[PDB]
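Structure first, commentary second.
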Amino acid sequence: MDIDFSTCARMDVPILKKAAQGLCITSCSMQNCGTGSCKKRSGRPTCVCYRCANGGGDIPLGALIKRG
């Protein structure tokens, strides 16, 4: 899957927020997490996770990497 700049509803097509957010809430479950919310950081579409198991909080797909 790798990382992706576009993973939030605040990217360009907010029409489908459920889809954009899915790349956070669902992406976390794949990393043995609980939930994940995305927010525009300094005008950049950043995806944040929460309720994780390997940290229980802010954990980016990069920190939850298991292939590196």
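In the structure tokens, each chain is lettered A, B, ... as it comes, each chain's residues begin at 1, and ligands are numbered from 1 in order of appearance.
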Please provide the set of residues having any atom within 6 Å of segment 29-38 of chain A, restricted to only C-alpha atoms, with same-chain residues fewer than 5 positions apart removed, written as an MDAnalysis selection string. chainID A and resid 8 24 46:53
When DSSP works through the backbone of this structure, what residues of chain A end up as alpha helix (DSSP H), shown as a list in words? residues 17, 18, 19, 20, 21, 22, 23, 24, 25, 26, 27, 28 and 29 of chain A
Kindly indicate which residue among A:26, A:45, A:56, A:21 lies nearest to residue 4 of chain A, using only C-alpha atoms for the distances. A:45
Run DSSP on the backbone and grab whatever in chain A lands in strand (DSSP E); send it over as a list in words. residues 38, 39, 40, 41, 44, 45, 46 and 47 of chain A
Given the selection you just returned, output its residues as a file containing N, CA and C atoms, formatted as a PDB file, in the first residue's frame.
ATOM      1  N   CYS A  38      -8.077  12.060  10.328  1.00  0.00           N
ATOM      2  CA  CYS A  38      -7.182  12.865   9.506  1.00  0.00           C
ATOM      3  C   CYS A  38      -7.554  14.344   9.586  1.00  0.00           C
ATOM      4  N   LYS A  39      -6.541  15.203   9.597  1.00  0.00           N
ATOM      5  CA  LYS A  39      -6.759  16.642   9.669  1.00  0.00           C
ATOM      6  C   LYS A  39      -5.704  17.394   8.864  1.00  0.00           C
ATOM      7  N   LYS A  40      -6.099  18.525   8.289  1.00  0.00           N
ATOM      8  CA  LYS A  40      -5.187  19.339   7.494  1.00  0.00           C
ATOM      9  C   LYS A  40      -4.101  19.953   8.372  1.00  0.00           C
ATOM     10  N   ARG A  41      -2.865  19.503   8.177  1.00  0.00           N
ATOM     11  CA  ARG A  41      -1.738  20.009   8.951  1.00  0.00           C
ATOM     12  C   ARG A  41      -0.925  21.011   8.136  1.00  0.00           C
ATOM     13  N   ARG A  44      -1.615  20.688   4.686  1.00  0.00           N
ATOM     14  CA  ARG A  44      -1.227  19.407   4.108  1.00  0.00           C
ATOM     15  C   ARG A  44      -2.121  18.284   4.626  1.00  0.00           C
ATOM     16  N   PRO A  45      -2.592  17.429   3.705  1.00  0.00           N
ATOM     17  CA  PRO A  45      -3.462  16.300   4.045  1.00  0.00           C
ATOM     18  C   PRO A  45      -2.726  15.213   4.820  1.00  0.00           C
ATOM     19  N   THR A  46      -2.703  15.348   6.142  1.00  0.00           N
ATOM     20  CA  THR A  46      -2.031  14.377   6.998  1.00  0.00           C
ATOM     21  C   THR A  46      -3.035  13.438   7.657  1.00  0.00           C
ATOM     22  N   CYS A  47      -2.704  12.151   7.684  1.00  0.00           N
ATOM     23  CA  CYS A  47      -3.576  11.149   8.286  1.00  0.00           C
ATOM     24  C   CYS A  47      -3.040  10.706   9.644  1.00  0.00           C
TER      25      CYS A  47
END
Rounded to one decimal, what separation in Å do you get between atom CA of residue 28 of chain A and atom CA of residue 1 of chain A? 12.7 Å
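Look at residue 3 of chain A: the protein and nucleic acid residues within 10 Å of it, using only C-alpha atoms and passing over chain neighbours fewer than 6 places away, are residues 47, 60, 61, 62 and 65 of chain A.
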Under the rule that only C-alpha atoms are counted, which of A:9, A:2, A:25, A:20 is the nearest residue to residue 63 of chain A?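 Smallest distance to residue 63 of chain A is found for A:2.
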Choose the residue, out of A:59, A:67, A:43, A:54, that has the smallest atom-to-atom separation from residue 12 of chain A; count only C-alpha atoms. A:43
Can you work out the spacing between atom CA of residue 14 of chain A and atom CA of residue 64 of chain A in Å, to one decimal? 26.2 Å
Quick check, in Å to one decimal: how far apart do atom CA of residue 19 of chain A and atom CA of residue 7 of chain A lie?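 Between these atoms lies a distance of 8.7 Å.
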